[PDB]
Amino acid sequence: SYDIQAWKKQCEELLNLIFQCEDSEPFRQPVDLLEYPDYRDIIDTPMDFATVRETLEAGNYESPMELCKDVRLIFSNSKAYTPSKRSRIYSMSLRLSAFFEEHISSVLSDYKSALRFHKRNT
Ligand SMILES: O=C(NNC(=O)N1CCN(C(=O)c2ccco2)CC1)[C@@H]1Cc2ccccc2CN1Cc1ccccc1
């Protein structure tokens with residue numbers, strides 16, 4: 001399965017599944033800076049799933065590793081901002097992260113395998 005480009009549509013489909021998850025609600029759009037007035041004191045680099053989808057559609061990811069780094073930033077930001085581990089929004093982040101990790105692993109493995117096949121004789 002050595003298609004170097006296949007990751008992009010696989011990531012579009014996984015983003016569609018994440019948008020169908022009720023657990024993505026808080027992460028779809030930027031953290032509301034009016035409601036959380038201290039957010040940018042705590043979080044240096046905001047990230048959300050709409051920004052990830054637009055960056056993919058613009059052709060501004062070169063690999064699924066770069067997409068994965070941005071999605072993992074959504075989850076680390078939630079963990080850094082939460083006042084407690086039993087918070088609703090952080091709790092949603094942990095379930096959504098587990099879902100994401102379960103489905104991104106084959107996308108990353110197939111991409112890295114395809115690149116190694118491309119260089120097999122170099
Ligand atoms: O909620 C939102 N965005 N993000 C945050 O405000 N968050 C709070 C902070 N945070 C944390 O990680 C965290 C950890 C512990 C505590 O917070 C990330 C999440 C946005 C805001 C917004 C503004 C203007 C119009 C619409 C919306 C939609 N909203 C959600 C939504 C999405 C789809 C449908 C219904 C509602």
# chains A, B, ... in the order shown; residues from 1 in each chain; ligands from 1
$ residues_near_ligand --ligand "ligand 1" --cutoff "10 Å" --atoms "only C-alpha atoms and all ligand atoms" --output "VMD selection string"
chain A and resid 19 22 to 36 39 43 46 to 48 74 to 93
$ select_by_dssp --residues "chain A" --states "helix (DSSP H, G or I)" --output "MDAnalysis selection string"
chainID A and resid 7:20 22:27 39:42 49:57 64:81 88:118
$ closest_residue --among "A:64, A:52, A:73, A:37" --to "residue 105 (chain A)" --atoms "only C-alpha atoms"
A:64
$ closest_residue --among "A:21, A:15, A:6, A:98" --to "residue 115 (chain A)" --atoms "only C-alpha atoms"
A:6
$ residues_around --residues "residue 57 (chain A)" --least-positions-apart "6" --cutoff "10 Å" --atoms "only C-alpha atoms" --output "short mmCIF file (atom, residue, chain, number, x, y, z; two decimals) with N, CA and C atoms, in the first residue's frame"
data_model
loop_
_atom_site.label_atom_id
_atom_site.label_comp_id
_atom_site.auth_asym_id
_atom_site.auth_seq_id
_atom_site.Cartn_x
_atom_site.Cartn_y
_atom_site.Cartn_z
N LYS A 8 -3.85 12.21 2.82
CA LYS A 8 -4.61 13.47 2.87
C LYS A 8 -6.11 13.18 2.96
N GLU A 12 -8.83 13.79 5.96
CA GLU A 12 -10.12 14.48 5.74
C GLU A 12 -11.25 13.64 6.31
N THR A 51 -9.25 25.11 12.16
CA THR A 51 -7.91 25.54 11.67
C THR A 51 -7.16 24.36 11.06
#
